[PDB]
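In structure tokens, the next block holds one chain alone, the form solved without the named molecule.
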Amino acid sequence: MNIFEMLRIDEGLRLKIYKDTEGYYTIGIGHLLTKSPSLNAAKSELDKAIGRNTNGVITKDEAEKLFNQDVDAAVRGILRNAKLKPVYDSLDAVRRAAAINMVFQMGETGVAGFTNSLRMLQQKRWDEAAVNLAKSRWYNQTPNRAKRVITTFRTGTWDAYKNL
């Protein structure tokens, strides 16, 4: 297991524009197009992202290209953020994947708001962080996904993603 397989499990793959769990226009492997409620806005963003007149449909190769760029962007956002870098740097490789997952889903600013949970992660208080992380809009809105990520922070293993 690695970060790409993990997110592919959590986001799926759809080759036509769809709405994500919050109602926003999305494509591929969780690539957010726009928060605007206009489908025309979303098709404009898609065509700009891909570089061609797509008419709301992309290929599997195009989806995996956006995915590679989004994973790279999530990692670089972590390493540039002063609140996130020291936590990431303190973690083992499996738990680092959990941190990238959260940044991919909710963005760098959103994760840096989990101030208490980040401190507990840095101190390697795993059971305590896991409790604090579940006291969140994130957990109540997407509880199966949040459970898998939290389990990964708590155990440092991939057990939540095996079987799936």
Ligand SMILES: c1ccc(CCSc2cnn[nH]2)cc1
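Numbers follow the displayed sequence, beginning with 1.
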80 to 88 versus 67 to 75: which one carries the higher mean Cα B factor per the record?
80 to 88
When the Cα temperature factors in the entry are averaged, is it 51 to 59 or 123 to 131 that ends up higher?
51 to 59
Of the options 29, 98, 32, 42, which has the highest CA B factor as deposited?
42
Among the chain's modelled residues, which third holds the C-alpha B-factor of residue 157?
middle
Name the third of the chain's ranked CA B-factors that contains residue 13, choosing lowest, middle or highest.
highest
Per the entry's values, where does residue 144 land by CA temperature factor relative to the rest of its chain, in the lowest, middle or highest third?
middle
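In what follows, reference is made to the form deposited with the named molecule bound, a form of this protein that is not presented.
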For the form shown, open or blocked once the named molecule is overlaid as positioned in the bound PDB entry, with the cut-off of 3 or more ligand atoms within 2.4 Å of backbone or C-beta atoms?
blocked
If you check in the bound PDB entry, is residue 108 within 4.5 Å of the named molecule, heavy atoms only?
yes
In the bound PDB entry, residue 25 touching the named molecule (heavy atom, 4.5 Å)
no
With heavy atoms only and a cut-off of 4.5 Å, decide whether residue 118 touches the named molecule in the bound PDB entry.
yes
If we define contact as a non-hydrogen atom of the residue within 4.5 angstroms of the partner, is residue 94 a contact of the named molecule in the bound PDB entry?
no
Any chance all of 32, 39 and 42 sit within 4.5 Å of the named molecule in the bound PDB entry, going by non-hydrogen atoms?
no
Within 143 to 157, which residues come within 4.5 Å of the named molecule in the bound PDB entry, counting heavy atoms only?
153
